[PDB]
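Asker: Please find one structure pasted underneath; my questions will follow.
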RNA sequence: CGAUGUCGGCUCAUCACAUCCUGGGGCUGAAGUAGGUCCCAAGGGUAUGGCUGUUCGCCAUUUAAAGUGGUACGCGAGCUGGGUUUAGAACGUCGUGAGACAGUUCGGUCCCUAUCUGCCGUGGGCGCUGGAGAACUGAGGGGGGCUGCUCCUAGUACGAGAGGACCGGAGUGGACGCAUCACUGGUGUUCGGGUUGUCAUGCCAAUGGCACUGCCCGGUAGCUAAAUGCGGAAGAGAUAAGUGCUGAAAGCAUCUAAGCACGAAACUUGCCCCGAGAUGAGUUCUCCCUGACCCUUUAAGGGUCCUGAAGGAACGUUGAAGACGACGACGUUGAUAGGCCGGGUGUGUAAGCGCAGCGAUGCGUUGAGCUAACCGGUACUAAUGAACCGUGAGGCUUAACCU
RNA sequence: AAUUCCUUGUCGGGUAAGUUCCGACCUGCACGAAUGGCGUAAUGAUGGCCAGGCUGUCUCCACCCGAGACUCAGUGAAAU
RNA sequence: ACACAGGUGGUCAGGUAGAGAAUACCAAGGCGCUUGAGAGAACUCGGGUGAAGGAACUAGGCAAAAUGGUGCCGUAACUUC
RNA sequence: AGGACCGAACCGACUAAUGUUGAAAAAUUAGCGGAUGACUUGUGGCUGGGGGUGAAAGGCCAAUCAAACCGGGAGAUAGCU
Ligand SMILES: [Mg+2]
Ligand SMILES: [Mg+2]
Ligand SMILES: [Mg+2]
Ligand SMILES: [Mg+2]
Ligand SMILES: [Mg+2]
Ligand SMILES: [Mg+2]
Ligand SMILES: [Mg+2]
Ligand SMILES: [Mg+2]
Ligand SMILES: [Mg+2]
Ligand SMILES: [Mg+2]
Ligand SMILES: [Mg+2]
Ligand SMILES: [Mg+2]
Ligand SMILES: [Mg+2]
Ligand SMILES: [Mg+2]
Ligand SMILES: [Mg+2]
Ligand SMILES: [Mg+2]
Ligand SMILES: [Mg+2]
Ligand SMILES: [Mg+2]
Ligand SMILES: [Mg+2]
Ligand SMILES: [Mg+2]
Ligand SMILES: [Mg+2]
Ligand SMILES: [Mg+2]
Ligand SMILES: [Mg+2]
Ligand SMILES: [Mg+2]
Ligand SMILES: [Mg+2]
Ligand SMILES: [Mg+2]
Ligand SMILES: [Mg+2]
Ligand SMILES: [Mg+2]
Ligand SMILES: [Mg+2]
Ligand SMILES: [Mg+2]
Ligand SMILES: [Mg+2]
Ligand SMILES: [Mg+2]
Ligand SMILES: [Mg+2]
Ligand SMILES: [Mg+2]
Ligand SMILES: [Mg+2]
Ligand SMILES: [Mg+2]
Ligand SMILES: [Mg+2]
Ligand SMILES: [Mg+2]
Ligand SMILES: [Mg+2]
Ligand SMILES: [Mg+2]
Ligand SMILES: [Mg+2]
Ligand SMILES: [Mg+2]
Ligand SMILES: [Mg+2]
Ligand SMILES: [Mg+2]
Ligand SMILES: [Mg+2]
Ligand SMILES: [Mg+2]
Ligand SMILES: [Mg+2]
Ligand SMILES: [Mg+2]
Ligand SMILES: [Mg+2]
Ligand SMILES: [Mg+2]
Ligand SMILES: [Mg+2]
Ligand SMILES: [Mg+2]
Ligand SMILES: [Mg+2]
Ligand SMILES: [Mg+2]
Ligand SMILES: [Mg+2]
Ligand SMILES: [Mg+2]
Ligand SMILES: [Mg+2]
Ligand SMILES: [Mg+2]
Ligand SMILES: [Mg+2]
Ligand SMILES: [Mg+2]
Ligand SMILES: [Mg+2]
Ligand SMILES: [Mg+2]
Ligand SMILES: [Mg+2]
Ligand SMILES: [Mg+2]
Ligand SMILES: [Mg+2]
Ligand SMILES: [Mg+2]
Ligand SMILES: [Mg+2]
Ligand SMILES: [Mg+2]
Ligand SMILES: [Mg+2]
Ligand SMILES: [Mg+2]
Ligand SMILES: [Mg+2]
Ligand SMILES: [Mg+2]
Ligand SMILES: [Mg+2]
Ligand SMILES: [Mg+2]
Ligand SMILES: [Mg+2]
Ligand SMILES: [Mg+2]
Ligand SMILES: [Mg+2]
Ligand SMILES: [Mg+2]
Ligand SMILES: [Mg+2]
Ligand SMILES: [Mg+2]
Ligand SMILES: [Mg+2]
Ligand SMILES: [Mg+2]
């Protein structure tokens, strides 16, 4: 029983979600709007939005953490240089879920998760 | 004797001077304002109907809010009803606070206990598991045999089987009340009352003295 | 009690085996030889003869010798 | 928290080094024995000459457990070794006249006044 | 909550000393034997400290009369009269449960001089 | 684990008494492009609550 | 016999009284303690182990007691396969032999996704006569009921002593049940660290991947028990065996025929839970709807334009609620969830730089850094303006009423 | 005793207790000398019993991680 | 019978660790196994951990846990040496 | 030196769990025994049904063996259903 717990399983073992959200946090930063399913987008907010709060203090200690959470330097060079001072005053809520209907392959509830200051 | 509608805030402890950790349950008991007193002539029995807490003005409904504006009372979150005893009267909008429990020594905290979901017989009815090895095939936590061979051609009623466990009303009796903290609207009873944190508890004085 | 050995299914359910506990002398005799306990109670009452008489004729030769 | 088949150390000089709880006395279906609870033992190891002998069946009061005892303020006193002091079958009073190591405050009564008046440190 | 964390900070002690795992602490507890209150001392290595505010505890492992003894004192209990840090130790761990299989020269945790 | 009498087309129709689909309740009208869509989802032209959230 | 699977065990059981304990008695060759035996009584309770495939049994040790039986000598579409009904092999034995043995001995496949009744749960439909939101009364049904030891009365009554009470009260235990996480703990592959092999990030440094979470060591919330709170009752009604009172038929006697009182863990209540589908569909409180017309086959009738209420549903954010529905919280007039901020807690002194050192490393920065579900805050993002469903004064007949 | 029906023979060992086991007794129901007798170091996925180590085997089950179960979408069996 | 966890002889044999063609991670290379999306109930399967006890389980330590490498010291009855 | 020892390829198949309308008309997973020999394997050959072959179990001889399979006598016979 799931009393007071948090964190979707998404039918994946724990070393897969950590290496799926790391690909998905990178691809959300890289493209600034991605289309994924609705549970995989609601759990992406708990991963990407702490990687932008880490980006409000450009230090060598925080470069090495946001590289430990993504393992991609192009994403880290966008978090601290571009997306850091882009969200320099927003108190959380750095990204937006846009529900976009159902997927024609498996009837998954899809969603667009975009960054807020995109367009 | 009536009781008072509390709320389970949580559990902590009260150290005595002697070095006795008393596990108390902080029940906050706000002002229980009566909404409807019932009598033998109109309602067929004697009971008051209290309410507690506050509720949003865009969430109380017009049938439910007209019940309070008759009594001259702010809309609380629920409506409970306490059977009056003999020689015990209250008015239509009287506010009742926790100083009713200031001289009792044992209460009966009735709450709505936790919900364990669909829970099997090893958890629900405390059946024994079957043998986890020595050859057991697919039958480690099952109930096993649920009847007899063709003489009862049926499972009997009230059989202990799997199903819902918890989320039912239960009453824990004769809890020793430790502190009636009427300053900050509290009541501390020694023990473990039903229900999770933030649920409604219906604290009544003990029927078993 | 039930017999303990080979022989199949009539062994398996029916009792057909008898132990007799003679209370004052304590001698027990546990006969399970045939298939019916009538031929198996009488072969265990005829041995409480030869285990009580031949143990009182052998007690009164201890106090004879 | 002593049940059947538990090997217990011996905390006096009656003569045993290792005894085994074979029954937990005091009630039907009774699982466990804390401290101050009488168990029935059998002696599995003895000093080569002494007051008791390998294979005796007698009573013992458990004086130290590894599950420990919880004081009324919630504080627990865990030991390392499950150890007991060998009582008698009839009189039910200890045999060796010198207890070894600490005991607890849950042991003392008019029954075991003779143990806490022989122990080095009564915790 | 808030009411919980107000009934606790009016029953805490205001004079709990600052001890770490490894410190050879020396706790004087009350003992009520018969009908007399005396004050028994208990000195040994702290092997764990469990912080929860009022519900705080600390485990002290000594070697009493040859047999190893642990004792989880509730920190804000009214039966621990005086927590006193005799020796301060140096460990790189938070719960010293490796000291249970060590006795003698192997249970030497060195002194923290800072 | 298997039947003894063929259940009827009465019991089959009664078992399927709850297998009937519930339609969409109402479609929400967007306030800029004016077209209908599911309530709380974006439209099929990229609008949601007036604003254009993504190009087609 | 076009198959009704079989002994013992395990997991569940459930009834019977011819009752093992606990309850109430009579009688005793019952002084007390303990018994003996018989009647009443099924409310609960009613061992763990050694050997054996074992039921049975003996034995060790408990226990208030370790009841006797039914239920396909309960229960294999629940489990086990030691035994027994297979094929291999051997011994003893019988037979010239193939082989045979209620003689023994080693080895030897246990299938089925539940249609129906049944049962445990949980919903959908409509009904309850206008519709709706709540609060209940309780017909009925379930759950629970076990008890030890010690102390006081009292070393009193009894007894020659030895010993040793009834009645009554106070504690504290076992077993079981329910709730719970404050404590002691378990787990905590989502938190922090140590470390091995290797690989990658251009390299050193730092880190990540993978090797059962790589192997470990700690651990938050949660759930949990071994953890700690509570529970069995008291009382009341009518009784069983039993003891009586008054009392005739039967001048006496007699508990019974008229009359009357006592009497037990059983019975009806008391206690907890469900509960108006209780179609016998109940009660109370509140809320809402106060428009016009046609038509004929005149009636509890269809139809039209306007109207759409209280409320509910849907969708969304969701939950200490949950298989799915359900139930609960919230929807901008907003803390429902995530983020954010401050704290807590856990790990235990990050990285970078500086220094001491030939170096591994150590030390200062430093209780540093990171810190999941927790706690207190904050509208930063998502919780949409609507729409959809429900209607528009509620039948008939008598009665007390009404001006 | 792979052989013993009576039998759980009796006595001893081991066990708190040992129908098994080991050692003896011989009263061999019905061992016995190449359808071999008795020994036997080594060997055995061999049969029986015991002990240390070890542990959810168990007292008594708790939690967690994954694949199903459950719900939505697609295809869509079976014994009877 | 299947685009089936089975069966099928030869040949080539890179890196680091390793005694190695074991095993771990990799290179050249080749793939992610032709249903997915949620949910995080019972119960089943495959695993991890566990308080105190440690064979009390049981037909039986079945199954799990445990032991595990090299160097050296040391090594009993018996023995066909 | 060895029907020698430990252990992969390889050959087997001792226990367990799964599976039993399976992934598979005997298999997978964790262990397991042999692994320079009475070994194992490729390609051909040879022995034929009362006959083969058998380190012997009535084993095996094309998912079939106390006498293969296919055609024939044949519509054997059936006091049985
Ligand atoms: Mg949450
Ligand atoms: Mg899936
Ligand atoms: Mg991994
Ligand atoms: Mg829940
Ligand atoms: Mg079991
Ligand atoms: Mg099977
Ligand atoms: Mg299994
Ligand atoms: Mg019937
Ligand atoms: Mg036979
Ligand atoms: Mg019969
Ligand atoms: Mg039929
Ligand atoms: Mg259906
Ligand atoms: Mg038949
Ligand atoms: Mg027939
Ligand atoms: Mg048939
Ligand atoms: Mg009777
Ligand atoms: Mg009597
Ligand atoms: Mg009954
Ligand atoms: Mg009854
Ligand atoms: Mg009753
Ligand atoms: Mg009963
Ligand atoms: Mg044994
Ligand atoms: Mg029966
Ligand atoms: Mg019968
Ligand atoms: Mg049966
Ligand atoms: Mg059976
Ligand atoms: Mg059956
Ligand atoms: Mg059947
Ligand atoms: Mg068998
Ligand atoms: Mg069904
Ligand atoms: Mg319904
Ligand atoms: Mg009832
Ligand atoms: Mg806890
Ligand atoms: Mg907590
Ligand atoms: Mg812990
Ligand atoms: Mg861990
Ligand atoms: Mg915890
Ligand atoms: Mg690495
Ligand atoms: Mg490096
Ligand atoms: Mg890789
Ligand atoms: Mg631990
Ligand atoms: Mg009563
Ligand atoms: Mg009279
Ligand atoms: Mg008279
Ligand atoms: Mg009466
Ligand atoms: Mg009672
Ligand atoms: Mg606010
Ligand atoms: Mg929030
Ligand atoms: Mg801290
Ligand atoms: Mg680091
Ligand atoms: Mg540093
Ligand atoms: Mg420092
Ligand atoms: Mg910290
Ligand atoms: Mg934080
Ligand atoms: Mg919060
Ligand atoms: Mg013979
Ligand atoms: Mg013997
Ligand atoms: Mg045995
Ligand atoms: Mg012998
Ligand atoms: Mg011979
Ligand atoms: Mg011969
Ligand atoms: Mg021979
Ligand atoms: Mg489907
Ligand atoms: Mg395929
Ligand atoms: Mg390999
Ligand atoms: Mg596939
Ligand atoms: Mg699961
Ligand atoms: Mg494990
Ligand atoms: Mg354990
Ligand atoms: Mg342990
Ligand atoms: Mg045993
Ligand atoms: Mg047993
Ligand atoms: Mg094994
Ligand atoms: Mg293993
Ligand atoms: Mg060899
Ligand atoms: Mg294998
Ligand atoms: Mg080998
Ligand atoms: Mg032939
Ligand atoms: Mg064949
Ligand atoms: Mg022939
Ligand atoms: Mg012919
Ligand atoms: Mg024919």
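We did not get these values from a lab; they are worked out from the coordinates using the rules stated. Cβ placement follows ideal geometry from the backbone for every residue including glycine, while neighbour counts extend to all protein chains displayed.
Asker: Assuming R0 = 56 Å, what is the FRET efficiency of residue E:86 and residue D:92, from their Cβ-Cβ distance, to the nearest 0.05? Could you put the intermediate results ahead of the total?
Answerer: Numbers: r = 42 Å, r/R0 = 0.75.
Efficiency at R0 = 56 Å is approximately 0.85.
Asker: Ignore the peptide's own chain and count Cβ atoms of other chains within 10 Å of each Cβ in B:5-17; give me the average, rounded. Please report the intermediate quantities before stating the final value.
Answerer: Working: counts 0, 0, 0, 0, 5, 5, 1, 10, 10, 2, 11, 4, 2.
Counting Cβ atoms of other protein chains within 10 Å of each residue's Cβ and averaging gives 4.
Asker: Between the stretch F:5-50 and the stretch B:154-208, how far is it from one alpha carbon centroid to the other, in angstrom?
Answerer: Cα centroid of the stretch F:5-50 versus Cα centroid of the stretch B:154-208: 43 Å apart.
Asker: Give me the distance in nm between label points sitting 7 Å out from Cα along the Cα-to-Cβ direction at residue F:24 and residue A:116, one decimal.
Answerer: According to this spin-label approximation, the distance is 3.1 nm.
Asker: Right, something else. Name the most mobile residue of B:133, B:197, B:91, meaning the one with the largest mean-square fluctuation, in a Gaussian network model of chain B with Cα contacts below 10 Å.
Answerer: Comparing B:133, B:197, B:91 in a Gaussian network model of chain B, the most mobile one is B:133.
Asker: Another one. Using a 10 Å cut-off on Cβ to Cβ distances, tally the other chain neighbours for every residue of E:58-71 and report the average as a whole number.
Answerer: 5
Asker: Going by how many other Cβ atoms sit within 10 Å of their own, how do F:31, F:36 line up, fewest first? Present the calculation step by step, with values, prior to reporting the outcome.
Answerer: Details: F:31 9, F:36 13.
Listing F:31, F:36 from fewest to most nearby Cβ atoms yields F:31, F:36.
Asker: Averaged across E:72-83, how many Cβ atoms of other chains sit within 10 Å of each residue's Cβ atom?
Answerer: Per residue, the number of nearby Cβ atoms from other chains is 5 on average.
Asker: Can you pull the Rg over Rh of chain E, Cα-only, Kirkwood?
Answerer: Working: Rg = 15.4 Å, Rh = 15.3 Å.
Checking Rg against Rh, the ratio lands at 1.01.
Asker: Quick one: Cα centre-to-centre distance for the stretch D:1-50 and the stretch B:1-79, in angstrom?
Answerer: Spelled out, the Cα-based centre of one part sits 55 Å from the other.
Asker: Specify the residue with the greatest mean-square fluctuation among B:169, B:59, B:179, computed from a Gaussian network of chain B linking alpha-carbon atoms under 10 Å apart.
Answerer: The residue with the greatest mean-square fluctuation here is B:59.
Asker: Evaluate the relative contact order of chain F (contact order divided by residue number), counting alpha-carbon pairs under 8 angstrom at least 6 apart; express in whole percent.
Answerer: On the way: 43 pairs, mean separation 10.9, N = 56.
Averaging sequence separation for qualifying contacts and normalising by length gives 20 percent for chain F.
Asker: For a quick check: sort B:61, E:24 by the number of other beta carbons within 10 angstrom, fewest at the front.
Answerer: Numbers: B:61 9, E:24 19.
With the fewest neighbours first, B:61, E:24 line up as B:61, E:24.
Asker: Where the centroid of each part is defined by its Cα atoms, how far is the stretch B:102-118 from the stretch C:1-40 in Å?
Answerer: Value for the Cα centre distance between the two parts: 61 Å.
Asker: Please list F:38-44, C:24-30 highest first by mean number of surrounding beta-carbon atoms within 10 Å per residue.
Answerer: On the way: F:38-44: 16.1, C:24-30: 11.6.
So the peptides F:38-44, C:24-30, ranked by packing, come out F:38-44, C:24-30.
Asker: Let me have the relative contact order for chain D, percent, based on Cα pairs under 8 Å that are six or more residues apart. Mind dumping the intermediate values first?
Answerer: Details: 302 pairs, mean separation 28.9, N = 123.
The value is 24 percent.
Asker: Give, in whole angstrom and from largest to smallest, the semi-axes √(5λ) of the equivalent ellipsoid of the protein assembly as shown, with λ running over the eigenvalues of the Cα gyration tensor.
Answerer: So the three semi-axes of the protein assembly as shown are 62, 44, 36 Å.
Asker: Okay, next question. What Kirkwood hydrodynamic radius, in Å, does the stretch D:1-77 give when the mean of 1/r is taken over all pairs of distinct Cα atoms and then inverted? Walk me through the numbers on the way to the answer.
Answerer: Values: mean 1/r = 0.0764 Å⁻¹.
Its Kirkwood hydrodynamic radius stands at 13.1 Å.
Asker: Which of E:47, E:83, E:63 moves the most in a Gaussian network model of chain E with Cα springs under 10 Å?
Answerer: Comparing E:47, E:83, E:63 in a Gaussian network model of chain E, the most mobile one is E:63.
Asker: If I take every Cα pair under 8 Å that is 6 or more residues apart in chain E, average their sequence separation and divide by the length, what percent do I get for the relative contact order? Don't skip to the answer; put the middle values down first.
Answerer: Numbers: 201 pairs, mean separation 32.0, N = 114.
Answer for chain E is 28 percent.
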